[PDB]
Structures are given as structure tokens and as C-alpha cells.
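Take a look at the structure set out below.
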Number of protein chains: 6
Amino acid sequence: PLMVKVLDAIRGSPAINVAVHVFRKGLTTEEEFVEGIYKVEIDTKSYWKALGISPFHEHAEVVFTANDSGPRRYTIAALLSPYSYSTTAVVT
Amino acid sequence: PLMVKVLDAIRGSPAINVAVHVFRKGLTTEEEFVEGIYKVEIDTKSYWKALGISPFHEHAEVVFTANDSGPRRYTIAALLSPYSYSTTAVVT
Amino acid sequence: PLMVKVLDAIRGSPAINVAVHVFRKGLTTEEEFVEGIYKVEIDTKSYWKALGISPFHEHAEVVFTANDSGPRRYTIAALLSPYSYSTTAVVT
Amino acid sequence: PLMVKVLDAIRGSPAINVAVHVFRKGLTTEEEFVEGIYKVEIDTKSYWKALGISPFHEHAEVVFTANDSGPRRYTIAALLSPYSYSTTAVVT
Amino acid sequence: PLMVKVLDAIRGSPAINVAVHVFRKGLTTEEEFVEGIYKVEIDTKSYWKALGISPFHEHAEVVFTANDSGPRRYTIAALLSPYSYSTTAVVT
Amino acid sequence: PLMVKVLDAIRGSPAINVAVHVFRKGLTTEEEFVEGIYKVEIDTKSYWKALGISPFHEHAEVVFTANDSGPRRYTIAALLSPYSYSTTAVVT
């Protein structure tokens, strides 16, 4: 007998991010995968991935140049941080 | 007997993001995959992915230039952060 | 016997994003995939994906230039953050 | 008999990020993998990954240049830090 | 009989990040792996990973240059640090 | 009989990061691995990893240059340090 009881008595006004998970039992392969329960990506860049089988196999000349140079201002007050009876703010 | 009881007694006015999941049992392959329960992507860039089988196999000349240079201001007060009886704000 | 009871007693005025999921049992392939329960994408760019089988196989000259340079102001007060009895605002 | 009781008596207004997980039993391969319970990535860049089988197998000349040089100001007040009866703020 | 009771009596307004996990029983391979309970990555860069089988097998000339030189100011007040009745702030 | 009771009597407003884990029983391989309970990485860079089987097997000339030279100011007030009734701040 598998019993799971979570947040049974929520009183007043709490801030909660609950993620309950119960389980009873050619190039890339993923099986029985759980992902992104609470994934947060900012400025994530993948230039080349999984090009393929036999890419540039023979006589190949390749020039790769990656220049990251930008005035980007990523300003996040709260990330994955539930709050209660609080004062949160951003001032510029 | 598998019993799952979540947030049974919600009193007052809480802020909650609950994600319950119960399970009882040529190039890219994904099987039985759960993803994006709460995925948040900002400025995510993939230039080349999974080009293919035999890409640029022979006698190939390739020039790749990636120039990221932009005045972007990504301003997010709250992300994945439920709040209660709070004062949240953005001021410019 | 699989029983799942969620948010059984919602009292007052809570803010909730609940996603319950119960399961009992040539190039890209996805099987039994759950995605986008709560996916939020901002400024997500994929230049080239899955070009194909035998792309630019022989004698191919390719010039790729990616220039990201724009005055974009992405201003989001609340994202995936349910709120209650709160004051949220944006001021410019 | 497996019984799991979590956050049974939530009184007042707490801020909580709870993630309960109960389990009873050619190039890349992942099996029975749980990931991203609470993953937060900022400025994560992978230039080349999983190119493929036999890439640049013979007579290949490749020049790779990676120049990261940008005035980026990543300013995050709270990350994965739930708060209560607090005052959080950003001032410029 | 396996019984796990956590945070049974939450009184007042605590800030908690609880992660309970109970378990009863060609190149890269991962099995029964749990990861990212609370993973936070900042400025993590992998230039080349898992290139592939037989990469640059014969007669290959490769020049790799990695130049990290950028005025980036990563300013994070709180990371994975729940707080209560506190005053947290950033001032420039 | 295995019984685990944690944080049974939480009084007032504590700040806690609790992670309870109970278990009862070609190149890289990981089995039954738990990782990232609370992993925090800043400026972690891996230039080359797991290139592959037979990489640069014969007649290979490779020049590798890694130049890390950037005015980066990583300023983190609190990391993995829950606080209570405290005043934390950053001033420039």
C-alpha cells in the first residue's frame, strides 16, 4: 500500500510551488525521462547540435566564428521564489 | 493500493503552482518523456540542430558567423513565483 | 486501486495553476511524449533545424551570417506567478 | 506499506518550494532519468555537441573561433529563494 | 513498513525549499539517475562535447581558439537562500 | 520497520533548505546516481569532453589555444545561506 499525503492542512495564505511525482513499476535516445518540472533558461544558446551521421565526411573546409557582444540588461526581481505578505519591486 | 492526496485543506487565499504526476506500469528518438511541466525560456537561440544524414558530405566549404549584439532590456518582475497579500511593481 | 484527490477543499479565494497527469499502463521521432503543460517562450529563435537527408551533399559553398541587434524591451510584470489580494503594476 | 506525509500542518503564511518524488520498483542514451526538478540556467552556451558519427572523417581543415565579449548586466534579486513578510527590491 | 514524515508541524511563516526523495527496490549512458533537484548554473560554457565516433580520423588539421573577454556584471542578491522577516535589496 | 521523522515541530518562522533522501533495496556510464540535490555552478567551463572513439586517430595536427581574459564582476550576496530576521544588501 503506497499512500502519499502532501500539503494536507494549508492554513492562512502561503505561497507554494509543489511538484509531487509518484511512479510504481541513431544518435540521441532518451527513455522514461521526466524533465522541466520547473526549468527556467535565460540567454541559453547552442550554436551546433546533432549535426548528423557522416557530416563533412571528406575534403571539408569549415570556418566557425561566434561573437557574443550585446548591451543586454536581463533584470529579474524574483525567479522561482514564491513570496507572501512581502513588498517586491524594481526601480530605475 | 496507490492513493495520492494533495492540497486537501486549502484555507484562506494561498498562491500555488501544483503539478502532480502519477504513473503506474534515425537521428533523435524520445520515448515515455514528460517535459515542460513549468518550462520558461527567455532569449534561447539554436543556430543549427539535426542538420541531417550525410550533410556537406564531400568538397564542402562553409563559413559560419554568429554576431549577437543588440540593446535588449528583458525586465521580468516575477517569474514562476506565486505571491499573496504582496505588492509587486516595476518603476522606470 | 489508484485514487488521486487534489485541491479537495478550496476555501476563500486562492490563485492556483494545477496540472494533474495520471497514466496507467527518418530523422526525428517522439513517442508517448507529454510537453507544454505550462511552456512559456520569449524571443526563442532557431535559424536552421532538420535541414534534411543529404543536404549540400557535394560541391556546396554556404555563407551563414546571423546578426541579432535590435532595441527590444520585453517587460513582463508577472509570468507563471498566480497572485491573490496583491497589487501588481508597471510604471514608465 | 510505504507512507509519505509532507507539509501536513501548514499554518500562517509560509513560502515553500516542495518537490516530493516517490519511486517503487548510437551516441547518447539516458534511461529512467529525472531532471529539472528546479533547474535554473543563466548565460549557458554549448558551441558544438554530439556532432555525429564519422564527422570530418578525412582531409578536413577546420578553424574554430569563439569570442565572448558583451556588456551584459544580469541582475537577479531572488533566485530559488522563497521569502515571507520580507521587503526585496532592486534600485539603480 | 517504510514511513517518512517531513515538515509535519509548520507554524507561523517559515521559508523552506524541501526536496524529499524516497526509492524502494555508444558513447554516453546514464541509468536510474536523479539530477537537478535544485541545480543553478551561471555562465556555464561547454565548447565541444561528445563530438562523435571517428571524428577527424585521418589527415585532419584543426585550429581551436577560445577568447572569453566581456564586461559582464552578474549581480544576484539571494540564490537558493529562502528568507523570512528579512530586508534584502540591491543598490547601484 | 524504517521510520524517518524530520522537522516535525517547525515553530515561529525559520529559513530551511532540507533535502531528505531514503533508499531501501562505450565511454561514460553512470548507474543509480543521485546528483544536484543543491548544486550551484558559477563560471564553470569545459572546453573539450568525451571527444569520442578514435578521434584524430592518424596524421592529425591540432592547435588548441584557450585565452580567458574578461572584466567580469560576479557579485552574489547570499548563496545557499537561508536567513531569518536579517538585513542583507548590496551597495555600489
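Going by the C-alpha cells order, chains are called A, B, ..., each with residues numbered from 1, while ligands are numbered from 1 in the order shown.
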List every residue of chain F that has an atom at most 8 Å from any atom of chain D, and for each one report the closest atom pair and its distance in Å to one decimal, counting only C-alpha atoms, with rows sorted by chain and then by increasing residue number, as JSON lines.
{"residue": "F:13", "atom": "CA", "partner": "D:14", "partner_atom": "CA", "distance": 8.0}
{"residue": "F:70", "atom": "CA", "partner": "D:69", "partner_atom": "CA", "distance": 7.6}
{"residue": "F:82", "atom": "CA", "partner": "D:81", "partner_atom": "CA", "distance": 7.9}
Quiz item: Got a sec to tell me which of chain C DSSP assigns to strand (DSSP E or B), as a count of residues only?
Solution: 47
